[PDB]
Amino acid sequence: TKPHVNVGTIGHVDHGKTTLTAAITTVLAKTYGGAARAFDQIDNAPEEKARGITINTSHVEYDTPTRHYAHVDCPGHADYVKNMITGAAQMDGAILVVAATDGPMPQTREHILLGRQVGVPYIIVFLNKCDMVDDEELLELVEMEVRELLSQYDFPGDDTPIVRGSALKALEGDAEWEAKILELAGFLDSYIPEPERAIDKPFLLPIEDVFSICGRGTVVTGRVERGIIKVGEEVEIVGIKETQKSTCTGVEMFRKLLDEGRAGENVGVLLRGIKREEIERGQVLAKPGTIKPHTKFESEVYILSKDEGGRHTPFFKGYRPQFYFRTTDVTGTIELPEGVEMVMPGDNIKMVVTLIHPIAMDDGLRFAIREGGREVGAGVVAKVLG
């Protein structure tokens, strides 16, 4: 039915993210229905669990006339880091809250940086606490500083919608300020496009298993991650070895012969021109020339604290864990930032990883870091280096 969009409020502590989340729910409920949430209900965020990682996050839901929004708001900076790296849902857009009285602060920069790294594709700005600013030149200055900051991190700062408002005075009922929250919800709808459907994206099937129908050839099984594979279409086996080229001779779903396989479907893809022995764990089926195998990438990673079931001790330069991309662990070597000798449990770092085998990889791809079979961290491919 109506499109689902994943959003959230980012920005420095005390800039008014929680008050804004409340003001969004309240004003949108007061004008065209829904349930209004109080400041207190969003402020004391419950503890959420993402495979051992503990994150304090408030999940609020609100509707505009044409869209349904699942909104994330976190109490502290640490939760934002965790949520952007390992959180339940990847943001389709973010609302960056900047207090006009402070202007951009260290966490403002950090969240913009993380958002770029993690692939948050759109940012809208709410210039908060305007009820406290009497100097228009001060507002223009803050607004210019924010546009420059966004542009520095490859966001289109010159084209970014910036709403001047007051989350407090709007929760309070002041209609002149409540107009600006509707202006903000308007930009959520107009500026964040509906996220691309999995079925529309180029074909990708992570290979979960391989069998060989007698007389029909090699069957590669898995859940179609994206797009459609039609019988007769050319495919590439991208992964652990030199990329191979084949043709889909059939698609099967529990003995049912299909003409195609679509995203979200569990299917058997038949490849007449390949043998089982040529199929390796970590490999992927994909639309030729849509995904490249890489060994080297830049990632933003979060290391679990001992409390979260992770390490108790730090790791160093020679750390060689397993990187679980989609179906298998691949060992990698790590390059830490210049000046960094160790990484503590509970920390986030920018890591340059070199895998021992190439993996079909695109920016934004999430992985798990495992030592043995135990999860020690989670990460996101920020940049593919080769």
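Residue numbers run from 1 along the displayed sequence.
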query	finding
Stretch with the higher entry mean CA B-factor, where the candidates are 161 to 169 and 296 to 304	161 to 169
Stretch with the higher entry mean CA B-factor, where the candidates are 19 to 27 and 363 to 371	19 to 27
Residue, from 274, 286, 125, 84, that the PDB entry assigns the highest Cα B-factor	274
Top residue by Cα temperature factor, when 148, 208, 252, 242 are compared in the entry	242
Chain-relative CA temperature factor third for residue 327	middle
CA B-factor ranking of residue 353, expressed as a third of its chain	lowest
Entry-reported Cα temperature factor of residue 63, expressed as the chain third it lands in	middle
Residue 105 CA temperature factor, ranked by third within the chain	lowest
Entry-reported Cα temperature factor of residue 214, expressed as the chain third it lands in	highest
